[PDB]
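Architecture and fold: a report
Here is how the chains run, residue by residue.
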Amino acid sequence: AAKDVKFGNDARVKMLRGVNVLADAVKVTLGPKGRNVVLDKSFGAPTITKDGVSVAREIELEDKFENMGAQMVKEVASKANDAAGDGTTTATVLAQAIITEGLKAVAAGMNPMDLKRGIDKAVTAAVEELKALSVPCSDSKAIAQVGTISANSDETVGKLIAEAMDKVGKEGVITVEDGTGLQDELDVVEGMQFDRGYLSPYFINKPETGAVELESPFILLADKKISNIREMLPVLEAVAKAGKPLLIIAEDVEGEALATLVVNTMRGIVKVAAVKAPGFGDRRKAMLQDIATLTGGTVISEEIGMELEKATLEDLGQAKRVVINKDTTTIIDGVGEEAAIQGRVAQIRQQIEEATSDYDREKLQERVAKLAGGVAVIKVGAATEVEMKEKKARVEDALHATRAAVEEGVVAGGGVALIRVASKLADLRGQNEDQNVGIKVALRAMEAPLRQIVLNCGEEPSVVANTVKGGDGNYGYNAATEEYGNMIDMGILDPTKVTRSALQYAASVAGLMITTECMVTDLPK
Amino acid sequence: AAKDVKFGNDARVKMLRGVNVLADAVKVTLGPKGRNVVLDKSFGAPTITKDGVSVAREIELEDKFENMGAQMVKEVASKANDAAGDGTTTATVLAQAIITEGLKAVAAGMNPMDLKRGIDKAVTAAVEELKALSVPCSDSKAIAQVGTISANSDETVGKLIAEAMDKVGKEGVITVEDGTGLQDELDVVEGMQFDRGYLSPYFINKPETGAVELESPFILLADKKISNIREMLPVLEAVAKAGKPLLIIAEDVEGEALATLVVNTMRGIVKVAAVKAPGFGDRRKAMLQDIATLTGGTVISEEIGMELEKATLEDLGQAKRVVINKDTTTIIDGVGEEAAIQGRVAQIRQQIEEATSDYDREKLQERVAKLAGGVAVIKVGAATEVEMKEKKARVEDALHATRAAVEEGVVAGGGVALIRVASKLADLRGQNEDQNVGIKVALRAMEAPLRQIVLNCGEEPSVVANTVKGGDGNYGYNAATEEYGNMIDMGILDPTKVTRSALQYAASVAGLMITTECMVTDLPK
Amino acid sequence: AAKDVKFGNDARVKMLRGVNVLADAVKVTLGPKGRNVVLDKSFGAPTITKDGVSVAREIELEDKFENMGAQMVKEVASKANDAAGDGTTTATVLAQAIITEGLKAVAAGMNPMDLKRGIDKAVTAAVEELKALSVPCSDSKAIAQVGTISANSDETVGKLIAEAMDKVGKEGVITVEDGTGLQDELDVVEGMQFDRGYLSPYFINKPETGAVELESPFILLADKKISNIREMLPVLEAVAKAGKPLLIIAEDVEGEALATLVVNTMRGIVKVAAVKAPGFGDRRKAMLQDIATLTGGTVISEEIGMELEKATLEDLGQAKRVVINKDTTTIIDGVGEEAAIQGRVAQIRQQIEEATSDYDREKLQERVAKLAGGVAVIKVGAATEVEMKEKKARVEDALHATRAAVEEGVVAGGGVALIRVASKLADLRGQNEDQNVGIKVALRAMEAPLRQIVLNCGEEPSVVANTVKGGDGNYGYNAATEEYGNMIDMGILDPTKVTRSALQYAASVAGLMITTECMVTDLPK
Amino acid sequence: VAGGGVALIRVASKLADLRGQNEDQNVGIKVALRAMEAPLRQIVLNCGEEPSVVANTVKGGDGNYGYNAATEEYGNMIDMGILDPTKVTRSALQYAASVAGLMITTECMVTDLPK
Ligand SMILES: Nc1ncnc2c1ncn2[C@@H]1O[C@H](COP(=O)(O)OP(=O)(O)OP(=O)(O)O)[C@@H](O)[C@H]1O
Ligand SMILES: Nc1ncnc2c1ncn2[C@@H]1O[C@H](COP(=O)(O)OP(=O)(O)OP(=O)(O)O)[C@@H](O)[C@H]1O
Ligand SMILES: Nc1ncnc2c1ncn2[C@@H]1O[C@H](COP(=O)(O)OP(=O)(O)OP(=O)(O)O)[C@@H](O)[C@H]1O
Ligand SMILES: Nc1ncnc2c1ncn2[C@@H]1O[C@H](COP(=O)(O)OP(=O)(O)OP(=O)(O)O)[C@@H](O)[C@H]1O
């Protein structure tokens, strides 16, 4: 069919309508006092959420242009989600404030490119000021505190994260599992981590999780492209005889090998999850050899000579439990001997000793780190399977918050960080009047999440915003008790990384959307 | 009746639509290359004009709100016309530029009262800078030059204005009428000028002129209110017996005395033109005695004892000619004896000598000035009555331009004055960002008339505006020859007073119109 | 009330639609083969004419804008009519061609003022080339020929105009009347002609004529304004007692004196025709004294002392016949003694001898010319009153054509004059591209009347236009015989003055209308 | 050649004297001449500056002088490195002229039914 084009300020007001709709629909849920939002269910009772991601995924508009605007702000919110794990409401509120003030200025004849440049300069200054104001969370006490706060005031979850954090170290790996006993369980077993995702989202057994959890699966290692599914035919026959889940690691999986795997998984006789080969080149081959050592498998390459057709059940690796994340994959309790793993550790350590390239040396160092450090597993201990699933979700998002805090730092939560940074950066000027206007847009836009939270509490937004701007340091307004004080004292804390990512992505999408004149679209039919 | 109210930005965009319509309709006529505008006459051929006043009076819009806007900008344009005599297109273009940029700013959430303050500060700075840049026109040569330029390159008209300027001095009275001979005739006869207007516009015999010209009229002098028309009944009977025009000076004329005079003038058996009593109190009585001395009349007052009923033909004053302007009235060749006028001059001169109050002394000084200086009369001399009427109009508006130049000064015309004083004041700042924005509105708005003139010439407005801004002094772009150079060299000159009045009135009306939200209106029926 | 404004190219295409409608409806009647046009008569049968003036007066459009255009082009057509007497179709065709090509160029982004300047330059060159190509018509034979051709091939009418032309000389007065006998009558009697029109068209007894013809009227002479009708009351009573038509000469007649005279004429008990006082000042007074000598009347002035109330039947002048044209008035066979007229001739001749001012001497010379030459009288002689009225109309418009030819000259008719001038001026260039375009507009526009005539003849317009452009001199295409040849040979001749006036007026109105953007109007209700 | 559209501006300045075999070919030459200035005007318009002012400034300068859009300052594109191949500009101008000349002389635009 044909297409429709609308360009100028009409497209800008269209996309502004769209972002206003989605931004309000997600910003109702912001904060601890955020109001509930009811979402569609096509069959049965509608669902009720306070989660910004859940409501954001559902929103799409009937008219094309506002739909475009909504989808842009939604995809930048989900990008901030995948980068950080939380704060998507904060990111969308910041996006709304910047986009609204930016196009309000653009309608006043102000130069959009200069506004984008001013916003970029102001948000760079805001990011460096956030890094200046960041408080380290490397100590175990603050780690336990933020784990408690994130997991709905549960000192058990944050505590368990703290001992696991000690177990696998500062940049180690912690994995959540359901435990049978009512006591919480912590174990340390050698595991594998690599940053590769699923080939198709249809491989996910649990759409509420977003990951592919397989128990005692056979693992195949490949360094070649899966050009045809006839290479996978003997493997599929063998795994159908075995009747167990199957994991595939290959260099490239073509669209039709993936299509046949999707056909097989909707048939579901075989349980096949395929991921790309992580790393690059010789590093990729070496770490695939490490994985084969960990699982007792064998790496298949066209250059060496073996083929995917010539695959036996012994040649495939095996492990006790694997989880394929959205862009990550973890392997727990591989069959491969710890002595061979230690020998591989020694080999790559001597590779570190002979390494002259700095980047290659860092690759070998992270290889020995993942090969020797292993993985801590926290098994949830309580009485009911219901509290298994909710406490498991609490451990998951609390661990995401904890690793976000460990990665960069932690600042006083509740939006007071942006208020304080805005107070510290009111002096920033631009190269002309327009860049100064864009700087003013950014500065008055960082105050938006606090105003939204206070508005959700029922208090006067501008009053509390002026009060917090009057205070200095970490003084702010506890929304839960609705009393003023130090966020550090009440424990209301947000990671530096999540706020930095939310602000950066909101500023990027708003500067991109300000300079949008032509909004072409499909014909509404 | 029942009425509709619209307040907010909707009323602002309504009035912006209206002012844009009127401003385009009048800005087509700006400049020497200004395009023709055709106006409907209800009967016969439609008129074609290049006059901004003529088209401006003609504009009324069909919807009520845009009509409100058009009426406001029209009345400020006519106020600038009555203040100066020309430049109403310049005033309306300035008004359009200020109002458009101001409401574009107010649409961006900018503070309207602060915009008013910033515009006020920038325009008073522009006025004082324009007074600094003014060139005196007190010498006779530049007076003749500006009289030539204003009267469509006629050195005869400007010359005659120059000898009249010599005849009655710096602030004297010059009156033009039609001479029989083919040579122009300059005479000096003792006369009167006082700043009082007609009671009704229906008294005007020539609506194209706007003044009541009467030949050999009887003049009545009164210091009392005309409460009833029975006081005017014997006077009306006497003037009907005489069959000559009649002029009335009274303290007050009531609405029903005016109504009966309107009835009589549309009957027109009597020719009655009535004015207020000029001056105030004892000063008014004294100068009315002076006028009675000038015309051989008698002042009628209730306090002394005589009444308007007890009026004879001898008691009324008389003169050879009178003219009653819109807010002025002059008397030429009164009957009253020059010896009695000289005695009155001596009496008020001794009053000056005994005067102790400064303002009263100035009143007596201007009294002796008008009583002794008299009136110069210029009689138009050529072959045809057609060139009588067009050359008379040329002498009239050239004389208005000349007295405007004499009053304050003359600056290089063609809009380069506003460009230069704009260049001189780019450094002016405000008490905050809002006033700085309003100052920027004023500065980029003073560049509008030059852009409109150049646009009418067919050249690129922004290029020529940048060229003029590049040049300094009086350098600019002659539109008539379409060549750059010095306006003083090409003689393109505008009075300081007309430009100052246009700028002040446009800034006042636009800042006033900015702070208008509630826009009540009658029901559209 | 409510008024609509349309400006830009939309108003231009509106007025183009209007001028196209009027121009088509009037160009149907161009030429000897011009097709007939029928017009509504509200009562009875509709009228049928080939007269461009008759149809052009009637044309007016239902929508306002095209009506405005039509009224403008009708105004310039009637201006060319009352300037010349014929050729209004030619003027309107020229106006259509110039306006159409001009707005077609304006729609192409061309500068309208430069196009107007180019048209002005090209039409000035065309006028001077026409004056170069003009053939004198001072000879009596060519005068008789053009009188024959103009009066539908009647050698009697042109012959009688020739003897009258000999009788009153080169610039004398010729008047047409009805004669009883079947032989045509010519008689020279001392008379008056002065260029003054009626106060109101309601004074005209014959709307088909446009003039006020009165037989044996009493003539009043006045040098004062008629402020009130009480001055005319004894005169009206005396002329009601006399029961004869009345003529009034006054300095000014006010709108209410005119209103009362209009009331009296629609009452029609009195037959009053009023005119302005011709001349100016002392010249006006002197020639009014001459008219009083011619008619035995008396001049009434306020300055001398006598009044219009003190008027007797003897004081008023009298004559055998008067005619009051649209802007002219002639008097035939005044009562006043020829000896007193000769004495006045001697007095103004001595005034010529003592005259030093050139213009005053020329005024006295034309005074003695009109006072001594008199008036030639051509009374139509034939059998029927029907042929009286048609032959009288033929003598009228033939005499207008004859005096037009005598005034400036005669050129070959049929539109070949404009073709030849266009051939002589194809080399004319402008100061830039746009002025050359406007010159091209004018040059290809003067070819329009010949193309329209040939199109009315049924021949191919462009073919005959190229054939005539190929020929040189006075070679052209006779439409009556539809054969080529020299226009002089079969006598197709047009006066230089009528063609020059038509072309000048068409160029002026097209230059005025090209630079027209704001076409304001009343509400369509 | 120095990029930023100054190539077309300069060659337009070099060829303003070119005439045609009649008035119409001179008009078409004027179309091409005023049309080669379009990319610079569009770039400057995107920068937020006045297009006609900067275009007149570049036409005032000669050689490789022009207006750097990245720094928004005047100067030599050879100095700032703003460059474009002669082949790409020549091909763009040739193809635009060919399609516009082909499209001017297009009267009959036949089509399918709008359904
Ligand atoms: N007690 C509190 N007082 C004040 N502010 C609080 C408090 N608890 C949380 N906040 C603030 O409210 C926000 C937390 O909102 P919420 O937990 O609903 O989701 P989010 O992190 O904003 O986003 P999402 O779940 O969509 O990724 C953060 O900005 C946090 O700093
Ligand atoms: N030759 C010229 N070159 C440049 N500018 C000129 C020239 N002649 C006049 N101007 C300018 O054009 C304007 C004159 O316009 P115009 O005489 O039509 O009426 P106006 O004074 O603008 O207003 P209005 O008649 O409505 O009171 C003034 O701003 C004057 O400075
Ligand atoms: N025999 C002829 N051959 C060619 N052209 C002719 C001939 N007779 C007249 N013409 C031309 O035709 C026109 C005469 O037209 P017509 O008598 O209908 O009125 P007009 O002069 O055009 O205008 P109007 O009557 O409206 O004032 C003139 O241009 C004249 O030169
Ligand atoms: N710094 C600069 N200053 C001025 N002009 C520049 C500058 N950088 C690039 N340009 C000009 O901008 C244009 C480059 O635009 P862009 O890279 O978006 O794509 P393009 O070459 O126009 O076309 P497309 O990508 O569609 O094939 C060229 O005309 C180039 O000369």
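Residues numbered from 1 in each chain as written, not as in the entry; some residues may be left out. Chains lettered and ligands numbered in written order. Part of a larger assembly, values for the part shown. Heavy atoms only, no water. Residues with missing side-chain atoms left out of burial classes, pairs and counts.

Going by the header, the method for this PDB entry is cryo-EM, and the resolution given is 4.4 Å.

1. Side note on a nonpolar patch on the surface
On the surface, a cluster of nonpolar side chains totalling about 280 Å² of accessible area is made up of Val5, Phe7 and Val520 of chain A. Tracing the backbone shows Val520 of chain A in strand 19 (residues 518–522). (Patch = residues over 30% accessible without salt bridge, like charges linked within 9 Å, V, L, I, M, F, W, Y side chains within 5 Å. Areas by Shrake-Rupley, 256 points an atom, 1.4 Å probe, with all protein chains shown as cover. Salt bridge = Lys/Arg side-chain N within 4 Å of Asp/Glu carboxyl O. Helix = DSSP H or I, 4+ residues; strand = E, 2+ residues; numbered from the N terminus.)

2. Re the site of ligand 1
Residues and elements named next belong to chain A. Near ligand 1 lie 20 residues; those nearest to it are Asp86, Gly87, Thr88, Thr89 and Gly414. Between an oxygen atom of ligand 1 and a side-chain N or O atom of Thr88, the distance comes to 2.4 Å. In the environment of ligand 1, an oxygen atom lies 2.6 Å from a nitrogen or oxygen atom belonging to the backbone of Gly414. Within the complex, the protein chains bury 82% of what would otherwise be the 640 Å² of accessible surface of ligand 1. Elements with a minimum of two residues in the shell around ligand 1: helix 2 (52–58) and helix 4 (88–106). If one sorts the elements of the shell around ligand 1 by residue count, helix 4 sits on top with 3 residues. Partitioned by chemical class, the residues of the shell around ligand 1 number 7 nonpolar, 10 polar and 3 charged. (Near = heavy atom within 4 Å. Polar contact = N/O pair within 3.5 Å; in protein donor to acceptor, adjacent residues only side chain to side chain. Nonpolar A, V, L, I, M, F, W, Y, C, P; charged D, E, K, R; others polar.)

3. Looking at the sheet that holds strand 3 (residues 47–49) of chain B
Strand order in this open sheet of 4 strands is 3(B)-2(B)-21(C)-1(C), and the pairing throughout is mixed. Bordering the open sheet on either side are strand 3 of chain B together with strand 1 (3–6) of chain C, each of which pairs with just one other strand. On average, each strand axis in the sheet is inclined to that of its neighbour by 20 degrees, with strand direction left out of account. Where strand 2 (residues 36–39) of chain B meets strand 21 (residues 516–522) of chain C, 2 bridges bridge the pair, whose relative direction is parallel. Residue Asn36 of chain B lies in a different strand from strand 21 of chain C, and its bridge partner there is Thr516 of chain C. Packing of helix 1 (residues 9–27) of chain C onto the sheet brings it into contact with strand 1 and strand 21 of chain C, and relative to strand 21 of chain C it is tilted by some 75 degrees. Seen against the sheet, helix 3 (residues 64–84) of chain C touches strand 2 and strand 3 of chain B together with strand 1 and strand 21 of chain C and runs at an angle of roughly 115 degrees to strand 21 of chain C. (Pairing = 2+ DSSP bridges. Axes fitted to C-alpha atoms, helices over the stretch in contact; angles between N-to-C directions. Contact = heavy atoms within 4.5 Å.)

4. Quick word on the packing of helix 16 (residues 448–457) of chain B against helix 17 (residues 461–470) of chain B
All names here are of chain B. At a minimum axis distance of 8 Å, the contact between helix 16 and helix 17 shows a crossing angle of 130 degrees. Between helix 16 and helix 17, the crossing angle belongs to the class labelled oblique. Crossing hand, helix 16 versus helix 17: right-handed. Contacts from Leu450, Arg451, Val454 and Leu455 of helix 16 reach helix 17 at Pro461, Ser462, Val464, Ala465, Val468 and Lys469. Per-class residue counts for the contact of helix 16 with helix 17 are 7 nonpolar, 1 polar and 2 charged. (Parallel < 35°, antiparallel > 145°, perpendicular 65-115°, else oblique. Left-handed = near helix turned anticlockwise from the far one by under 90°.)

5. What about the interface of chain B and chain C?
Contact residues are listed per partner, giving 34 residues for chain B and 32 residues for chain C. Carbon and sulfur atoms make up 56% of the area that chain B and chain C hide from each other, which totals about 2,900 Å². Broken down residue by residue, the surface that chain B buries against chain C is led by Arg35, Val38 and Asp40 of chain B, which jointly contribute 20%. Linking chain B to chain C there are 4 salt bridges. In this structure, the salt-bridge partner of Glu58 of chain B is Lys3 of chain C, at a minimum N-O distance of 2.8 Å. Listed by contribution, the elements that provide at least two residues to the side of chain B that touches chain C are helix 1 (9–27), strand 2 and helix 9 (255–267) of chain B. In terms of residue count, strand 2 of chain B provides more of the side of chain B that touches chain C than any other element does, 4 residues in total. A class-by-class count of the residues in the side of chain B that touches chain C yields 17 nonpolar, 6 polar and 11 charged. (Buried area = accessible area lost by both parts, 1.4 Å probe.)

6. Remarks on the domain arrangement of chain A
When the domains of chain A are assigned, the result is domain 1 (1–134 + 410–524), domain 2 (135–190 + 372–409) and domain 3 (191–371). Taking only C-alpha atoms, the centre of domain 1 of chain A and the centre of domain 3 of chain A are 40 Å apart. (Domains from an automatic or database assignment.)

7. Digging into the arrangement of the chains
Most contacts, compared over the 4 pairs of chains touching, are made between chains B and C. Regarding chain A and chain C, which are not in contact, the minimum distance between any of their C-alpha atoms is 23 Å. One finds no contact linking chain C with chain D; the least C-alpha distance across the pair is 10 Å.

8. A word on helix 8 (residues 233–242) of chain A
All names here are of chain A. For helix 8, the set of buried residues is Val235, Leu236, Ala238 and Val239. One face of helix 8 carries all of its buried residues, which in axial projection span an arc of 165 degrees. Residues of helix 8 that are buried make contact with strand 8 (218–222), strand 9 (246–250), helix 9 (255–267) and strand 10 (272–276). Note on helix 8: the residue one or two positions beyond its end, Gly243, has a positive phi of about 65 degrees. (Buried < 20%, exposed > 50% of the residue type's maximum accessible area, 1.4 Å probe, protein only. Arc of directions from axis to C-beta.)

9. Section: the nonpolar core
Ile59, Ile98, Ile99, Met446 and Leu503 of chain B are the most contacted members of the largest nonpolar core, which totals 65 residues. Residue contributions to this core peak at 9 residues, all from helix 4 (residues 88–107) of chain B. Those residues within four positions of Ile59 of chain B in sequence are excluded, and the remaining contacts are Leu22, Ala25, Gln71 and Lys74 of chain B together with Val5 and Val520 of chain C. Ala56, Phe65, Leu103 and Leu428 of chain C belong to the second-largest nonpolar core, a separate cluster that totals 61 residues. (Core = buried A, V, L, I, M, F, W, Y, C linked by side-chain atoms within 4.5 Å.)

10. Side note on the site of ligand 3
All names here are of chain C. Around ligand 3, a shell composed of 20 residues is seen, among which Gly87, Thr88, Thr89, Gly414 and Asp494 lie nearest. In the model, an oxygen atom of ligand 3 is placed 3.5 Å from a nitrogen or oxygen of the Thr90 side chain. Here a nitrogen atom of ligand 3 sits 3.3 Å away from a polar atom, N or O, in the side chain of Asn478. Listed by contribution, the elements that provide at least two residues to the shell around ligand 3 are helix 2 (52–58) and helix 4 (88–107). Of the residues forming the shell around ligand 3, the biggest block, 3 residues, is contributed by helix 4. Partitioning the shell around ligand 3 into residue classes produces 7 nonpolar, 10 polar and 3 charged.

11. Details of the pairing of strand 16 (residues 375–380) of chain B
Residue and element names in this part refer to chain B. Buried residues dominate strand 16, accounting for 5 of its 6 residues. Relative to strand 16, strand 4 (residues 173–178) runs parallel, the two being bridged by 6 bridges. When the sheet's bridge partners are listed, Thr175 is paired in strand 16 with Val377. In this sheet, strand 16 lies alongside strand 5 (residues 185–189) in antiparallel orientation, the contact comprising 5 bridges. Opposite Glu185, over in strand 16, you have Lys379 as the bridge partner.

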